[PDB]
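Participant: Below you will find the structure I want to go over with you.
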Amino acid sequence: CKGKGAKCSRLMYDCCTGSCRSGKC
Numbered sequence: 024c025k026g027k028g029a030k031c032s033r034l035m036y037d038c039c040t041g042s043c044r045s046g047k048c
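The sequence shown finishes on residue 48 if you use mature numbering (1 follows the signal peptide of the UniProt record, and there is no 0), and the numbering steps up by one all the way, no holes.
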């Protein structure tokens, strides 16, 4: 997954807790 402050994506809620903010977990 991705930690809160990771380069997430709008189409990828890769963060462990769906923390993704359209690109920032």
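Note that the Cβ used here is the ideal one computed from N, Cα and C, for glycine as well.
Helix or strand or just coil, what does DSSP make of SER32?
Facilitator: Within the sequence shown, residue 32 is the residue found at index 9, counting from 1. Reduced to three states, the DSSP call for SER32 is strand.
Participant: When we look at the beta-carbon of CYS43 and count the other beta-carbons within 10 Å, is it buried (16 or more) or exposed?
Facilitator: Mapped onto the sequence shown, residue 43 falls at position 20. Buried: at least 16 other Cβ atoms inside 10 Å.
Participant: By the three-class DSSP mapping on this structure, what secondary structure does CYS38 have?
Facilitator: In the sequence shown, the residue the question calls residue 38 occupies position 15. In this structure, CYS38 counts as strand in the three-state DSSP scheme.
Participant: Less than 8 Å separating the beta-carbons of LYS27 and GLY46?
Facilitator: Along the sequence shown, one-based indexing puts residue 27 at 4. Along the sequence shown, one-based indexing puts residue 46 at 23. No; because the gap between Cβ atoms is not below 8 Å, this pair is not in contact.
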